[PDB]
Structure formats: structure tokens, C-alpha cells
Amino acid sequence: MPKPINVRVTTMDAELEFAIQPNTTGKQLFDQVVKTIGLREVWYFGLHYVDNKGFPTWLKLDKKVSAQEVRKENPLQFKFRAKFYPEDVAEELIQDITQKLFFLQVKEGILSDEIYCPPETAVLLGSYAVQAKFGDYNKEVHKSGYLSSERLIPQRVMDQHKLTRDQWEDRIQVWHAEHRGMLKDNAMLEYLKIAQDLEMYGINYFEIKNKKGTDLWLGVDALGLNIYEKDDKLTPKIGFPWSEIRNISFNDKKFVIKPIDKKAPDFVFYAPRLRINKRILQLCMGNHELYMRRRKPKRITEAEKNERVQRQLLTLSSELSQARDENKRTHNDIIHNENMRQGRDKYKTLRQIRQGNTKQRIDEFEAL
């Protein structure tokens with residue numbers, strides 16, 4: 001008789017465990033997961049794991065699980081996570097559950113400093129996260145030390161100020177108090193609205209080279225493709241929006257991006273590993289497809305569209321500058337600050353780097 005396969009899948013805040021048959025496909029597994037947690041916006045998510053060669057991988061849904069070399073272990077371990085991000089969370093996300101999972105996943109990336117976040121923004125987000133978890137601030141309940149166990153802000157942010165842990169608690173509490181009245185769902189959504197303007201938000205980075213062999217980063221996201229210089233992941237230098245892209249493919253380390261303008265030249269770049277190249281290609285195709293479905297079935301920051309959030313950031317900057325230990329800032333801080341000095345934000349930069357012809361942009365790519 002067919003022996004059942006034990007599988008364990010974790011979401012950002014839940015653990016699921018069930019048995020599947022040897023002939024179970026990824027789709028069958030996937031559907032069981034989403035059905036259990038009540039999630040229907042399935043297009044964003046996937047089952048992530050690490051195969052028996054130590055490689056991070058997304059499960060194929062049209063393919064039996066016991067055929068994709070998942071580690072021979074009991075149970076099989078999967079992580080249910082977002083593989084794709086909406087273009088604008090405020091316009092797209094529908095379900096509380098979907099919002100929450102995005103919120104948790106993005107927050108994890110901020111707190112671990114995988115996603116760069118400037119001090120004031122980090123503090124504010126942390127205060128929205130507190131609201132999301134504890135609800136309304138209550139002096140009777142949330143006495144001094146109620147945040148002591150919390151991972152509130154990135155460690156980098158603490159290092160560059162003259163505040164102690166105890167003092168950071170105080171700071172966040174104050175802003176927690178400002179959010180009084182905000183429902184937890186709305187807290188999480190506001191968290192995402194702010195986070196999505198971050199330079200590194202929603203971006204997968206990959207090491208690539210141009211013709212002459214310059215080490216560069218490729219950035220793949222919901223908006224299009226970005227090119228970065230090797231030491232600056234915050235500021236893309238060249239951009240191609242999905243709207244200018246017709247087709248993505250690769251062959252032996254050579255990527256070829258075909259244009260919608262048949263008169264334009266192909267965008268061509270190089271990437272070393274085959275395993276990595278596969279995931280690059282999936283991320284491009286998936287993001288490209290979602291982009292199209294939104295359009296045929298000038299972005300501004302949250303701060304600029306939400307005067308209340310704008311005032312909060314500004315007030316934060318005021319409170320913090322007096323505690324700022326400037327010779328303790330990191331490389332990304334310094335980069336972010338120069339960008340700000342130049343009057344840049346995520347969307348102004350994207351418009352800037354998308355200027356000119358395809359040929360023109362392809363040429364400066366090679367010149368890098």
C-alpha cells in the first residue's frame with residue numbers, strides 16, 4: 001500500500017502539518033495549504049524550500065512533490081511565502097489574511113536589515129507594528145518595559161544613535177499612542193503603504209555582468225528590471241519597465257530581453273549559475289505577467305499622499321537628530337542620505353533611470 005508522506009508547511013505565523021500521497025503534485029499540496037488558512041489571493045504566493053543540494057527553491061505546482069529533490073527528511077519542510085508583490089498594496093490587496101502575511105514577511109525583512117530602512121521610517125513602522133500587535137496603547141496595561149521582548153527596529157538604527165534600549169522603548173511608545181483608534185488591519189496596511197516606498201522593497205537581487213565584464217546587480221520586481229552598480233543596492237542606474245519588455249529568456253549564462261518596439265535592440269546581460277538563472281527567469285516571467293493582467297485583461301510616496309504620515313516622519317526626524325551619532329552610520333545610510341540630498345525618492349529615481357531610448361539605455365549599460 002502507498003505510504004503517506006509527512007509534510008510540514010509554515011506561514012509567517014502558522015504551522016500546518018498533514019500527510020500526502022506519493023503521487024501528490026505541488027498544486028494539490030498548495031491548494032490544501034491555502035484552503036486551510038482561508039487565503040484566496042493565491043497568485044502572490046508559493047511553497048519555498050531548500051533542496052538536497054543546499055539550494056533555495058520554489059516548488060513546481062505542475063509536478064509531483066516527490067520528484068523535485070526535496071531533502072529526504074521526515075517531515076518535508078516548506079515555507080509558504082509571497083513570491084510576488086503587488087504594484088500598490090493600497091489598491092490591490094483584498095483579504096485580511098493576505099495583508100497580514102505580506103505585513104509579517106516584509107517586517108521580517110526590515111528588522112533583519114535585508115531591506116534597508118532609514119531611521120525615522122524604521123521607528124515609525126515599528127510604531128505601526130506595535131499598534132498592529134498590541135492594539136490601542138493603554139497606560140494601565142503597557143507599563144514601562146512592555147516592549148522589552150520586542151524586535152522594534154533594525155539593530156543598525158540603534159547603533160547610530162546615543163539612545164539606550166530603554167530609551168528606544170520610550171520613543172516608540174509615544175508614537176504607538178498616536179495611532180490610537182486605528183484597527184489592527186489598518187495598522188498593517190499602513191505599515192505596508194510606507195514600506196513599499198523603500199528603495200529595496202519587493203526587489204530580488206542577482207549578480208550579473210555586461211559585455212565587458214563589469215560586476216553589477218540585476219533587480220527584478222513588480223515594476224520592471226533595474227541595474228545597480230556593485231556597491232549600491234539602493235539606487236538603480238538604469239531601468240526597463242515591463243511595458244517595454246516583450247520576452248525574457250536565457251541560454252548558457254546569456255540573458256536576452258526582447259523589446260515591445262520591434263525596431264529596438266535586445267537587452268542582453270550575463271549571469272553565471274544555471275540554478276540561479278532558472279529562478280531569475282521565473283521571477284521575470286511571473287512579474288511581467290501580473291503587470292500585464294493589471295493593464296489589459298506617476299507614482300508618489302505614501303508621505304506625499306498622506307499628510308498625517310508626512311507630519312509623523314518630520315516630527316520623528318526632529319526628535320532624533322539630537323541623538324544622531326553620525327560617524328556610526330553604515331554604507332547604506334550614507335547612500336540614502338546623498339540620495340535624499342539630491343531630492344530623490346524611489347519613484348523619481350525610477351523615472352530618471354527610465355529616460356531615453358532602449359538603445360540609449362542599453363548603451364550606458366555596456367558603458368558601466
# chains A, B, ... in the order shown; residues from 1 in each chain; ligands from 1

$ select_by_dssp --residues "segment 264-336 of chain A" --states "helix (DSSP H, G or I)" --output "short mmCIF file (atom, residue, chain, number, x, y, z; two decimals) with N, CA, C and O atoms, in the first residue's frame"
data_model
loop_
_atom_site.label_atom_id
_atom_site.label_comp_id
_atom_site.auth_asym_id
_atom_site.auth_seq_id
_atom_site.Cartn_x
_atom_site.Cartn_y
_atom_site.Cartn_z
N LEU A 274 23.38 28.22 -13.38
CA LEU A 274 22.17 27.70 -14.01
C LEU A 274 20.99 27.63 -13.05
O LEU A 274 19.86 27.97 -13.41
N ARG A 275 21.25 27.17 -11.82
CA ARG A 275 20.22 27.11 -10.79
C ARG A 275 19.65 28.51 -10.56
O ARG A 275 18.43 28.70 -10.51
N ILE A 276 20.53 29.49 -10.41
CA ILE A 276 20.09 30.85 -10.16
C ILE A 276 19.35 31.41 -11.38
O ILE A 276 18.31 32.04 -11.24
N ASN A 277 19.89 31.14 -12.57
CA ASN A 277 19.27 31.61 -13.80
C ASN A 277 17.82 31.17 -13.97
O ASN A 277 17.00 31.91 -14.50
N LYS A 278 17.51 29.96 -13.51
CA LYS A 278 16.14 29.46 -13.59
C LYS A 278 15.20 30.35 -12.78
O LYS A 278 14.13 30.73 -13.26
N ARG A 279 15.59 30.66 -11.55
CA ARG A 279 14.74 31.45 -10.67
C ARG A 279 14.63 32.90 -11.14
O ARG A 279 13.58 33.52 -11.02
N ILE A 280 15.72 33.43 -11.67
CA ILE A 280 15.69 34.73 -12.33
C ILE A 280 14.59 34.75 -13.38
O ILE A 280 13.76 35.66 -13.40
N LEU A 281 14.59 33.74 -14.24
CA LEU A 281 13.63 33.67 -15.34
C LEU A 281 12.19 33.53 -14.86
O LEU A 281 11.28 34.10 -15.46
N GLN A 282 11.98 32.76 -13.79
CA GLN A 282 10.64 32.63 -13.23
C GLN A 282 10.17 33.97 -12.67
O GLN A 282 9.04 34.38 -12.89
N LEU A 283 11.05 34.64 -11.94
CA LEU A 283 10.70 35.93 -11.35
C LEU A 283 10.38 36.98 -12.41
O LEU A 283 9.44 37.77 -12.24
N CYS A 284 11.12 36.99 -13.51
CA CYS A 284 10.83 37.92 -14.60
C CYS A 284 9.48 37.61 -15.24
O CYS A 284 8.64 38.50 -15.41
N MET A 285 9.27 36.35 -15.60
CA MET A 285 8.04 35.96 -16.29
C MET A 285 6.80 36.19 -15.43
O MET A 285 5.81 36.74 -15.90
N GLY A 286 6.86 35.77 -14.17
CA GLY A 286 5.77 35.99 -13.23
C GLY A 286 5.44 37.46 -13.04
O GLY A 286 4.27 37.86 -13.14
N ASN A 287 6.45 38.27 -12.76
CA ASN A 287 6.24 39.70 -12.58
C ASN A 287 5.72 40.39 -13.83
O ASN A 287 4.86 41.26 -13.76
N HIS A 288 6.25 39.99 -14.98
CA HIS A 288 5.83 40.54 -16.26
C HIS A 288 4.35 40.24 -16.50
O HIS A 288 3.59 41.12 -16.90
N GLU A 289 3.95 39.01 -16.23
CA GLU A 289 2.58 38.57 -16.47
C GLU A 289 1.57 39.29 -15.59
O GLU A 289 0.55 39.78 -16.07
N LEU A 290 1.84 39.35 -14.29
CA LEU A 290 0.99 40.10 -13.37
C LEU A 290 0.88 41.57 -13.79
O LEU A 290 -0.19 42.17 -13.69
N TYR A 291 1.98 42.13 -14.28
CA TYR A 291 2.00 43.51 -14.75
C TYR A 291 1.00 43.71 -15.89
O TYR A 291 0.26 44.69 -15.92
N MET A 292 0.99 42.77 -16.83
CA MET A 292 0.10 42.85 -17.98
C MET A 292 -1.36 42.69 -17.59
O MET A 292 -2.22 43.45 -18.04
N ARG A 293 -1.65 41.69 -16.76
CA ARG A 293 -3.02 41.43 -16.33
C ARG A 293 -3.66 42.65 -15.66
O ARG A 293 -4.88 42.83 -15.72
N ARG A 294 -2.84 43.49 -15.03
CA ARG A 294 -3.35 44.69 -14.37
C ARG A 294 -3.76 45.77 -15.36
O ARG A 294 -4.58 46.63 -15.05
N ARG A 295 -3.20 45.70 -16.57
CA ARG A 295 -3.37 46.77 -17.54
C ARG A 295 -4.33 46.44 -18.68
O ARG A 295 -5.10 47.29 -19.13
N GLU A 302 3.79 57.40 -0.02
CA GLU A 302 2.72 57.47 0.97
C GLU A 302 2.79 58.82 1.69
O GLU A 302 1.77 59.47 1.87
N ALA A 303 3.99 59.22 2.08
CA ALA A 303 4.21 60.51 2.74
C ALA A 303 3.58 61.66 1.97
O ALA A 303 2.93 62.54 2.56
N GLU A 304 3.76 61.67 0.66
CA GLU A 304 3.26 62.75 -0.18
C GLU A 304 1.75 62.71 -0.37
O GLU A 304 1.12 63.72 -0.68
N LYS A 305 1.14 61.54 -0.19
CA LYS A 305 -0.30 61.44 -0.36
C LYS A 305 -1.06 61.41 0.96
O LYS A 305 -2.27 61.56 0.99
N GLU A 307 -0.90 63.30 4.48
CA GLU A 307 -0.30 64.40 5.23
C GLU A 307 -0.02 64.04 6.69
O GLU A 307 0.94 64.54 7.28
N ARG A 308 -0.84 63.17 7.25
CA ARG A 308 -0.63 62.72 8.62
C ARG A 308 0.68 61.93 8.76
O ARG A 308 1.46 62.17 9.69
N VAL A 309 0.92 60.99 7.85
CA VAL A 309 2.17 60.24 7.89
C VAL A 309 3.37 61.17 7.66
O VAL A 309 4.40 61.05 8.31
N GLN A 310 3.21 62.10 6.72
CA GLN A 310 4.26 63.09 6.44
C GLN A 310 4.66 63.86 7.70
O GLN A 310 5.85 64.02 7.98
N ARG A 311 3.67 64.31 8.46
CA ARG A 311 3.94 65.04 9.69
C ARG A 311 4.63 64.17 10.74
O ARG A 311 5.46 64.66 11.52
N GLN A 312 4.31 62.89 10.75
CA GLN A 312 4.89 61.97 11.72
C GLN A 312 6.38 61.79 11.47
O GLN A 312 7.20 61.91 12.37
N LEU A 313 6.73 61.50 10.22
CA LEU A 313 8.13 61.40 9.82
C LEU A 313 8.92 62.65 10.18
O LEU A 313 10.00 62.57 10.79
N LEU A 314 8.38 63.81 9.82
CA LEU A 314 9.07 65.07 10.08
C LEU A 314 9.29 65.30 11.57
O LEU A 314 10.37 65.71 11.99
N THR A 315 8.26 65.03 12.36
CA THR A 315 8.37 65.12 13.81
C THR A 315 9.42 64.14 14.33
O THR A 315 10.20 64.48 15.22
N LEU A 316 9.44 62.93 13.78
CA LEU A 316 10.45 61.94 14.16
C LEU A 316 11.85 62.48 13.91
O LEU A 316 12.68 62.51 14.82
N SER A 317 12.11 62.91 12.67
CA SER A 317 13.40 63.50 12.31
C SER A 317 13.83 64.56 13.32
O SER A 317 14.98 64.59 13.74
N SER A 318 12.89 65.41 13.71
CA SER A 318 13.16 66.44 14.70
C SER A 318 13.65 65.83 16.02
O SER A 318 14.68 66.24 16.55
N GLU A 319 12.90 64.86 16.53
CA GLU A 319 13.21 64.25 17.82
C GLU A 319 14.54 63.50 17.81
O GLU A 319 15.22 63.43 18.83
N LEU A 320 14.91 62.95 16.66
CA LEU A 320 16.04 62.03 16.57
C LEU A 320 17.38 62.69 16.26
O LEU A 320 18.42 62.23 16.73
N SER A 321 17.35 63.75 15.46
CA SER A 321 18.58 64.43 15.05
C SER A 321 19.47 64.81 16.23
O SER A 321 20.69 64.89 16.10
N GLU A 326 26.62 60.52 14.03
CA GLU A 326 26.81 60.44 12.58
C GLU A 326 27.99 59.61 12.08
O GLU A 326 27.92 59.03 11.00
N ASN A 327 29.08 59.54 12.84
CA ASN A 327 30.20 58.70 12.41
C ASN A 327 29.95 57.21 12.67
O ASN A 327 30.86 56.39 12.57
N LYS A 328 28.70 56.87 12.97
CA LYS A 328 28.30 55.48 13.19
C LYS A 328 27.31 55.01 12.14
O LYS A 328 26.72 53.94 12.27
N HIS A 331 27.13 52.13 5.31
CA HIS A 331 27.26 52.47 3.91
C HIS A 331 25.91 52.84 3.30
O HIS A 331 25.79 53.86 2.62
N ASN A 332 24.89 52.02 3.57
CA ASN A 332 23.55 52.29 3.06
C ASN A 332 22.93 53.57 3.61
O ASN A 332 22.15 54.23 2.93
N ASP A 333 23.27 53.92 4.85
CA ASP A 333 22.82 55.20 5.42
C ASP A 333 23.37 56.34 4.58
O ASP A 333 22.63 57.23 4.16
N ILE A 334 24.68 56.31 4.35
CA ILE A 334 25.37 57.36 3.62
C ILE A 334 24.83 57.49 2.20
O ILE A 334 24.64 58.61 1.70
N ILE A 335 24.59 56.36 1.55
CA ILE A 335 24.00 56.34 0.22
C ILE A 335 22.60 56.95 0.24
O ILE A 335 22.26 57.77 -0.60
N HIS A 336 21.79 56.51 1.19
CA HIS A 336 20.43 57.00 1.32
C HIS A 336 20.45 58.51 1.52
O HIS A 336 19.62 59.24 0.95
#

$ residues_around --residues "segment 360-366 of chain A" --least-positions-apart "2" --cutoff "12 Å" --atoms "only C-alpha atoms" --output "PyMOL selection string"
chain A and resi 208-218+226-229+236-241+244+256-259+264-270+352-358+368

$ closest_atom_pairs --of "segment 163-215 of chain A" --to "segment 105-129 of chain A" --cutoff "6 Å" --atoms "only C-alpha atoms" --output "CSV"
residue,atom,partner,partner_atom,distance
A:172,CA,A:127,CA,5.5
A:175,CA,A:127,CA,5.7
A:176,CA,A:127,CA,4.9
A:187,CA,A:128,CA,5.6
A:191,CA,A:125,CA,5.8
A:200,CA,A:115,CA,5.4

$ closest_residue --among "A:251, A:306, A:131, A:155" --to "residue 173 of chain A" --atoms "only C-alpha atoms"
A:131

$ residues_around --residues "residue 16 of chain A" --least-positions-apart "2" --cutoff "10 Å" --atoms "only C-alpha atoms" --output "list in words"
residues 7, 8, 9, 10, 11, 14, 18, 32, 33, 36, 37, 78 and 80 of chain A

$ residues_around --residues "residue 185 of chain A" --least-positions-apart "2" --cutoff "9 Å" --atoms "only C-alpha atoms" --output "list in words"
residues 96, 99, 100, 132, 182, 183, 187, 188, 189 and 190 of chain A

$ write_last_selection --atoms "N, CA, C and O atoms" --output "PDB file, in the first residue's frame"
ATOM      1  N   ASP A  96      -7.783  40.310   4.695  1.00  0.00           N
ATOM      2  CA  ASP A  96      -7.037  40.485   5.935  1.00  0.00           C
ATOM      3  C   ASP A  96      -5.865  39.514   6.019  1.00  0.00           C
ATOM      4  O   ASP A  96      -4.756  39.901   6.386  1.00  0.00           O
ATOM      5  N   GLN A  99      -3.066  40.505   3.618  1.00  0.00           N
ATOM      6  CA  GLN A  99      -2.409  41.684   4.159  1.00  0.00           C
ATOM      7  C   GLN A  99      -1.451  41.278   5.265  1.00  0.00           C
ATOM      8  O   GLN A  99      -0.281  41.663   5.255  1.00  0.00           O
ATOM      9  N   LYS A 100      -1.957  40.492   6.211  1.00  0.00           N
ATOM     10  CA  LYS A 100      -1.177  40.091   7.376  1.00  0.00           C
ATOM     11  C   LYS A 100       0.094  39.357   6.986  1.00  0.00           C
ATOM     12  O   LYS A 100       1.159  39.608   7.546  1.00  0.00           O
ATOM     13  N   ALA A 132      -0.342  47.238  15.475  1.00  0.00           N
ATOM     14  CA  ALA A 132      -0.860  46.027  14.845  1.00  0.00           C
ATOM     15  C   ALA A 132      -0.962  44.850  15.818  1.00  0.00           C
ATOM     16  O   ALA A 132      -1.876  44.030  15.716  1.00  0.00           O
ATOM     17  N   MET A 182      -6.834  53.274  15.451  1.00  0.00           N
ATOM     18  CA  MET A 182      -6.571  52.541  14.220  1.00  0.00           C
ATOM     19  C   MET A 182      -6.755  51.040  14.424  1.00  0.00           C
ATOM     20  O   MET A 182      -6.145  50.449  15.314  1.00  0.00           O
ATOM     21  N   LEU A 183      -7.604  50.429  13.602  1.00  0.00           N
ATOM     22  CA  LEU A 183      -7.790  48.984  13.649  1.00  0.00           C
ATOM     23  C   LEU A 183      -6.506  48.270  13.238  1.00  0.00           C
ATOM     24  O   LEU A 183      -5.713  48.802  12.466  1.00  0.00           O
ATOM     25  N   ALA A 187      -3.580  49.237  10.622  1.00  0.00           N
ATOM     26  CA  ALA A 187      -2.189  49.387  11.042  1.00  0.00           C
ATOM     27  C   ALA A 187      -1.251  48.634  10.092  1.00  0.00           C
ATOM     28  O   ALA A 187      -0.265  49.196   9.605  1.00  0.00           O
ATOM     29  N   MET A 188      -1.565  47.366   9.827  1.00  0.00           N
ATOM     30  CA  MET A 188      -0.733  46.542   8.951  1.00  0.00           C
ATOM     31  C   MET A 188      -0.687  47.106   7.532  1.00  0.00           C
ATOM     32  O   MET A 188       0.360  47.104   6.890  1.00  0.00           O
ATOM     33  N   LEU A 189      -1.831  47.579   7.049  1.00  0.00           N
ATOM     34  CA  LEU A 189      -1.917  48.134   5.706  1.00  0.00           C
ATOM     35  C   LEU A 189      -1.099  49.414   5.603  1.00  0.00           C
ATOM     36  O   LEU A 189      -0.404  49.633   4.616  1.00  0.00           O
ATOM     37  N   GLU A 190      -1.183  50.254   6.630  1.00  0.00           N
ATOM     38  CA  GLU A 190      -0.407  51.488   6.660  1.00  0.00           C
ATOM     39  C   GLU A 190       1.078  51.166   6.736  1.00  0.00           C
ATOM     40  O   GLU A 190       1.908  51.864   6.145  1.00  0.00           O
TER      41      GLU A 190
END
